[PDB]
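Everything on this sheet refers to the single structure shown next.
There are 4 protein chains.
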Amino acid sequence: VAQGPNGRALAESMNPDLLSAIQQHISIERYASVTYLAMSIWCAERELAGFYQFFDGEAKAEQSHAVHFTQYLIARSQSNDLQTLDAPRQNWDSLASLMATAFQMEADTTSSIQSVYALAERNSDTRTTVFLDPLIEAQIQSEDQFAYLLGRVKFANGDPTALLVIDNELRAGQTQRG
Amino acid sequence: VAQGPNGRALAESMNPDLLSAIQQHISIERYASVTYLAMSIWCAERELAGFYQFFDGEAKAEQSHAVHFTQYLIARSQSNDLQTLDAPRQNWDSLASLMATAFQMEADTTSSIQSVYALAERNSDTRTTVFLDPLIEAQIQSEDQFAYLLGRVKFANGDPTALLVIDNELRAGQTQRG
Amino acid sequence: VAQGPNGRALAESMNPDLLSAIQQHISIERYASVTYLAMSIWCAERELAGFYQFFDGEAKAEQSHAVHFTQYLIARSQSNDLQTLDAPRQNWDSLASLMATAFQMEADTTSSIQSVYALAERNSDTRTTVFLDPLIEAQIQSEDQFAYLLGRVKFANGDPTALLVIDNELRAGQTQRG
Amino acid sequence: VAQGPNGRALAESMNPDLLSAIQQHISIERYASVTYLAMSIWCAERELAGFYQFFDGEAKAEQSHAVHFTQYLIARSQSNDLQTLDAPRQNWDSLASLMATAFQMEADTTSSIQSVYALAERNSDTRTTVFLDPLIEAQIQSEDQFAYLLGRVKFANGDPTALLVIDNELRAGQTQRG
Ligand SMILES: [Cl-]
Ligand SMILES: [Cl-]
Ligand SMILES: [Cl-]
Ligand SMILES: [Cl-]
Ligand SMILES: [Fe+3]
Ligand SMILES: [Fe+3]
Ligand SMILES: [Fe+3]
Ligand SMILES: [Fe+3]
Ligand SMILES: [Fe+3]
Ligand SMILES: [Fe+3]
Ligand SMILES: [Fe+3]
Ligand SMILES: [Fe+3]
Ligand SMILES: [Fe+3]
Ligand SMILES: [Fe+3]
Numbered sequence: 005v006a007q008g009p010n011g012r013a014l015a016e017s018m019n020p021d022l023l024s025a026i027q028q029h030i031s032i033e034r035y036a037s038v039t040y041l042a043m044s045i046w047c048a049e050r051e052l053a054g055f056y057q058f059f060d061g062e063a064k065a066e067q068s069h070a071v072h073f074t075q076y077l078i079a080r081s082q083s084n085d086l087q088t089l090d091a092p093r094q095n096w097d098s099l100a101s102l103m104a105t106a107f108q109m110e111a112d113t114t115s116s117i118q119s120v121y122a123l124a125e126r127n128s129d130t131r132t133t134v135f136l137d138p139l140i141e142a143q144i145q146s147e148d149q150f151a152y153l154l155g156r157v158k159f160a161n162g163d164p165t166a167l168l169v170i171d172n173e174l175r176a177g178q179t180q181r182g
Numbered sequence: 005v006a007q008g009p010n011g012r013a014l015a016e017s018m019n020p021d022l023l024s025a026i027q028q029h030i031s032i033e034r035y036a037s038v039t040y041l042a043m044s045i046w047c048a049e050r051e052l053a054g055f056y057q058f059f060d061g062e063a064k065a066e067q068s069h070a071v072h073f074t075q076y077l078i079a080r081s082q083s084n085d086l087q088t089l090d091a092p093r094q095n096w097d098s099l100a101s102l103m104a105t106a107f108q109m110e111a112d113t114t115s116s117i118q119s120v121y122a123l124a125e126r127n128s129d130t131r132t133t134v135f136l137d138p139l140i141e142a143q144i145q146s147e148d149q150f151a152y153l154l155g156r157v158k159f160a161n162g163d164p165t166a167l168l169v170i171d172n173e174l175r176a177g178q179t180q181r182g
Numbered sequence: 005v006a007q008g009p010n011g012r013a014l015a016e017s018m019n020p021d022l023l024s025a026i027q028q029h030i031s032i033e034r035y036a037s038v039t040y041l042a043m044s045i046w047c048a049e050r051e052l053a054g055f056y057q058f059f060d061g062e063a064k065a066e067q068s069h070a071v072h073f074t075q076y077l078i079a080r081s082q083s084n085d086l087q088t089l090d091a092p093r094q095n096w097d098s099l100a101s102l103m104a105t106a107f108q109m110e111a112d113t114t115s116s117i118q119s120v121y122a123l124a125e126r127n128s129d130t131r132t133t134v135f136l137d138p139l140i141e142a143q144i145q146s147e148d149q150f151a152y153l154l155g156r157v158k159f160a161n162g163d164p165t166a167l168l169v170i171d172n173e174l175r176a177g178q179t180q181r182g
Numbered sequence: 005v006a007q008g009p010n011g012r013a014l015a016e017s018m019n020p021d022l023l024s025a026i027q028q029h030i031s032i033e034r035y036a037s038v039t040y041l042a043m044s045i046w047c048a049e050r051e052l053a054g055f056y057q058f059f060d061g062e063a064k065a066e067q068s069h070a071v072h073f074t075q076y077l078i079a080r081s082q083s084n085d086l087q088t089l090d091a092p093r094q095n096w097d098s099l100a101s102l103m104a105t106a107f108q109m110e111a112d113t114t115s116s117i118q119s120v121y122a123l124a125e126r127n128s129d130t131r132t133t134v135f136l137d138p139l140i141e142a143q144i145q146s147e148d149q150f151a152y153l154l155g156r157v158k159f160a161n162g163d164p165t166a167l168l169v170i171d172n173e174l175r176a177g178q179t180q181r182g
């Protein structure tokens with residue numbers, strides 16, 4: 005029985021480029037988390053309490069996703085390397101602009117996963133593609149959700165009354181098409 | 005005991021023009037179903053989740069109506085003839101325009117039933133008029149309902165804020181005058 | 005943020021050949037639905053009430069599968085294109101012949117999914133392969149189920165007594181090997 | 005306020021031909037009742053206990069239908085005239101032959117109602133057509149049911165094993181397509 009780079013018994017070695025890509029993706033998830041925290045603060049500063057609660061929960065969810073990836077590296081007997089985290093964007097001219105950044109952040113999180121997926125396929129790492137499959141599934145739902153929230157906010161066309169209505173939807177937990 | 009055209013024991017023969025009219029009406033119900041599916045998709049594409057849920061349910065209801073008619077032909081020992089189904093309309097310039105097509109589709113479904121009803125009366129087919137009576141009753145309620153939804157959407161006069169409010173009514177199941 | 009062909013925010017563009025293949029597959033699911041409806045009617049005409057109830061439920065299930073695909077296109081910000089639907093087959097010389105068509109229809113539904121799957125792999129569309137994976141899993145179970153029903157009906161070898169016994173199994177919901 | 009022929013206050017006079025037709029129809033219902041009793045006895049004599057229980061219940065149901073008609077005449081302030089009742093048929097060569105007589109009896113009961121219906125329409129007696137409407141509805145279901153039982157017995161093709169299976173279905177209350 006061989007020992008992996010993190011010291012645990014090694015079921016199968018992992019290509020170092022794939023390892024680096026997973027460690028980098030963990031940073032992407034952590035950065036999405038602090039970005040959603042920053043968005044929750046922006047909404048709270050404008051009394052958009054429902055949007056604030058939504059993004060506060062998304063920040064915690066994205067952090068959980070990052071930890072889920074750290075656990076996979078542990079399971080593969082690979083080292084984690086928690087990286088410096090950039091400061092998030094913190095200023096937006098409108099809720100519609102913020103929601104566009106949020107949608108792009110969600111799509112970019114999926115692109116990061118897709119990049120890791122392709123590397124695993126090139127290295128025939130079927131454990132990693134299996135691990136990623138349900139995360140891509142979740143990303144489809146999150147992209148559908150964020151397209152819904154962005155599209156609904158854009159439909160409001162900057163009308164405060166419509167934005168108050170949507171804010172109350174989010175406070176109630178009405179955050180998807182259903 | 006005679007055998008009917010579908011092979012079962014025949015309680016009373018049915019005029020072939022009336023049979024053809026019922027088979028055609030089943031197509032009308034099936035076409036209303038796929039039309040409501042198309043309308044549900046149009047609403048989902050615009051984040052009108054309550055309208056989407058409403059029309060998704062109406063599509064399933066109209067299909068059930070079609071099956072209800074197929075069961076009547078079985079009960080009368082008559083052959084079913086499931087027909088080619090046209091593609092539905094799929095593009096509208098506004099929710100108000102979509103709701104006008106929906107109302108017209110409901111009224112046209114009733115006109116189809118009325119045409120079958122008149123043919124049954126000309127042929128003294130009292131089983132068929134009795135079968136249709138409760139379906140006409142249901143159509144009165146559906147026409148009242150769709151006039152309500154169309155009228156409420158028109159009252160909104162294209163204001164996104166009012167349409168968001170109505171959308172949430174539909175999501176909650178508030179779809180009739182009550 | 006770019007807008008997709010259906011107007012929603014676009015997480016990632018989809019190759020038009022893959023889009024066409026998904027729209028065509030939706031037609032396959034809708035056609036399986038109306039085929040199972042036709043089979044349910046054939047069984048009802050012969051007093052095979054358990055087979056009638058089984059195929060009535062399968063028709064509703066296949067329609068749900070089609071709608072599930074329409075929702076995926078919405079989630080990917082792609083246009084739906086609901087197509088003309090052919091009339092189903094409606095005549096069979098025996099229950100065994102009907103069950104053979106049913107098995108073939110289920111296998112052909114899987115082949116359609118497999119064709120879409122291969123196109124997604126050629127286009128590196130990992131969202132689509134992830135979306136399809138559980139549907140292939142369900143198809144394995146449905147193929148196993150339909151091979152079971154077909155094989156059991158063939159074992160009966162046209163004996164009405166055995167077919168009545170199997171009919172009652174289906175009425176009770178005994179439709180798989182278990 | 006005028007008094008009707010049975011002595012009660014008269015809401016609206018009834019044409020004597022229509023009255024005679026209703027009194028005759030009551031005899032038809034009573035005759036269906038004793039016919040089903042005779043059929044229940046025939047089945048009991050052959051140990052077909054499920055068929056016996058079914059027809060015993062149908063005999064009681066048909067009697068209830070007759071009483072329902074006597075109550076309508078009371079409600080219309082018309083005289084009842086309970087008539088001599090013929091002896092039922094009591095001999096059949098096979099269960100299939102018995103079931104054919106049963107189906108014909110059910111269809112003939114509907115024809116009797118239809119004859120009364122047409123007379124009421126000629127006399128513009130809307131109370132009577134309204135009274136008869138739900139009874140025709142029930143007849144559609146009974147005709148569907150008896151076509152089901154007859155067709156299933158014919159499918160058995162005289163095989164005692166299949167007839168025992170069907171007998172047990174009836175004992176369990178499985179008497180319709182469902
Ligand atoms: Cl805004
Ligand atoms: Cl509008
Ligand atoms: Cl067979
Ligand atoms: Cl027999
Ligand atoms: Fe994440
Ligand atoms: Fe995310
Ligand atoms: Fe309908
Ligand atoms: Fe309708
Ligand atoms: Fe009525
Ligand atoms: Fe399917
Ligand atoms: Fe299938
Ligand atoms: Fe999977
Ligand atoms: Fe009766
Ligand atoms: Fe009867």
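Chains as they are written, first to last, in the deposited numbering: chain Y, 5 to 182; chain V, 5 to 182; chain Z, 5 to 182; chain R, 5 to 182.
Backbone N, C-alpha and C define an ideal beta-carbon position, used for all residues, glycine too.
>> Please report the straight-line C-alpha distance between V/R156 and Z/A111, rounded to a whole angstrom.
In response: 47 Å
> Taking Cβ positions, are V/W96 and V/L102 nearer each other than 8 Å?
Replying inline: Contact check for V/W96 against V/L102 passes: the beta carbons are separated by less than 8 Å.
>> Under 6 Å, CB to any heavy atom of ligand 13. Which residues pass, going along the chain?
In response: The set, ordered by position in the chain, is R/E33, R/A36, R/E66, R/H69 and R/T113.
> Taking the alpha-carbon positions, what's the R/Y40 to R/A65 distance?
Replying inline: 10 Å
> Does the distance from the C-beta atom of Y/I78 to that of Y/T114 stay below 8 Å?
Replying inline: no
> Taking Cβ positions only, does V/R12 come closer than 8 Å to chain Z?
Replying inline: True, the Cβ-Cβ gap to chain Z drops below 8 Å.
>> What residue range does the alpha helix (DSSP H) around V/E125 cover?
In response: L99 to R126
> Taking only beta-carbon atoms, is R/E173 less than 8 Å away from chain Z?
Replying inline: yes
> Any residues in the region 61-82 of chain Z with a beta carbon nearer than 8 Å to a beta carbon of chain R? Which ones, in chain order?
Replying inline: none
> What is the rounded straight-line gap between the Cα of V/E147 and the Cα of V/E173?
Replying inline: 19 Å
> Using a Cβ-Cβ cut-off of 6 Å (strictly less than) and excluding sequence neighbours within five positions of Z/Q87, which residues of its own chain qualify?
Replying inline: Closer than 6 Å at Cβ, skipping near neighbours: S31.
>> Please list, in chain order, the residues of the region 118-134 of chain V that have any C-beta partner in chain R closer than 8 Å.
In response: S128, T130, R131 and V134
> Which partner residues does Y/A13 have in the DSSP bridge list?
Replying inline: Y/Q7
>> Closer than 5 Å between the C-beta and any heavy atom of ligand 12: which residues qualify, listed along the chain?
In response: Y/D137 and Z/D137
>> Please tell me whether Z/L123 and R/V169 are closer than 8 Å, where the distance is taken between their beta carbons.
In response: no
> Below 8 Å between beta carbons: does that hold for Y/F55 and Y/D171?
Replying inline: yes
> Which word fits R/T165, buried or exposed, when buried means at least 16 other C-beta atoms lie within 10 angstroms of its C-beta?
Replying inline: exposed
> In three-state DSSP terms, what is Y/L52?
Replying inline: coil
> Where does the unbroken alpha helix (DSSP H) through Z/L89 begin, and where does it stop?
Replying inline: Neither: Z/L89 is in no alpha helix (DSSP H) and is coded neither H nor E.
> CB-CB under 8 Å to Y/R93, same chain, minus the five flanking residues each way: which ones, in chain order?
Replying inline: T39, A42 and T105
> Helix, strand or coil for Y/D21 per DSSP?
Replying inline: helix
> For Y/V134, does the count of other Cβ atoms within 10 angstroms reach 16, so buried, or fall short, so exposed?
Replying inline: Here Y/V134 is exposed: its Cβ has fewer than 16 other Cβ atoms, across all protein chains shown, within 10 Å.
>> For Y/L22, tell me which candidate among Y/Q67, Y/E51 and Y/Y76 has the shortest Cα-Cα distance.
In response: Y/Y76
>> Less than 6 Å between C-beta atoms, sequence neighbours within five positions excluded: which residues of the same chain meet that for R/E33?
In response: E66, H69 and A70
> Looking at the C-beta of Z/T165, does it have a partner C-beta in chain R at a distance below 8 Å?
Replying inline: yes
>> Using 8 Å as the threshold, is the C-beta distance between Y/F59 and Y/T179 below it?
In response: Result no, Cβ atoms of Y/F59 and Y/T179 do not sit closer than 8 Å.
> Relative to the alpha-carbon of Z/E62, which residue among Z/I45, Z/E49 and Z/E51 has its alpha-carbon at the smallest distance?
Replying inline: Z/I45
> Does the Cβ-Cβ distance between V/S83 and V/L14 come in under 8 Å?
Replying inline: no
>> Going by DSSP in three states, V/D60 sits in which element: helix, strand or coil?
In response: Three-state result, V/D60: helix.
>> Taking the beta carbon of Y/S116 as the centre, do at least 16 other beta carbons fall within 10 Å, making it buried, or is it exposed?
In response: buried
>> Counting only C-beta atoms, is V/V157 closer than 8 Å to chain Z at any point?
In response: no
>> So, with DSSP's three-state summary, where would you put Y/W96?
In response: coil
> Quick one, are the C-beta atoms of Z/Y152 and Z/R181 less than 8 Å apart?
Replying inline: yes
> R/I170 versus chain Z: which residues are under 9 Å apart at the beta carbon?
Replying inline: Near R/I170 (Cβ distances below 9 Å), the residues of chain Z are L168.
> Which whole-angstrom value describes the C-beta separation of Z/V5 and Y/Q118, a residue pair presumed to lie in contact below a C-beta threshold of 8 Å?
Replying inline: So it is not a contact: roughly 18 Å between Cβ atoms.
>> I need the DSSP call for Y/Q82, collapsed to helix, strand or coil.
In response: Reduced to three states, the DSSP call for Y/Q82 is coil.
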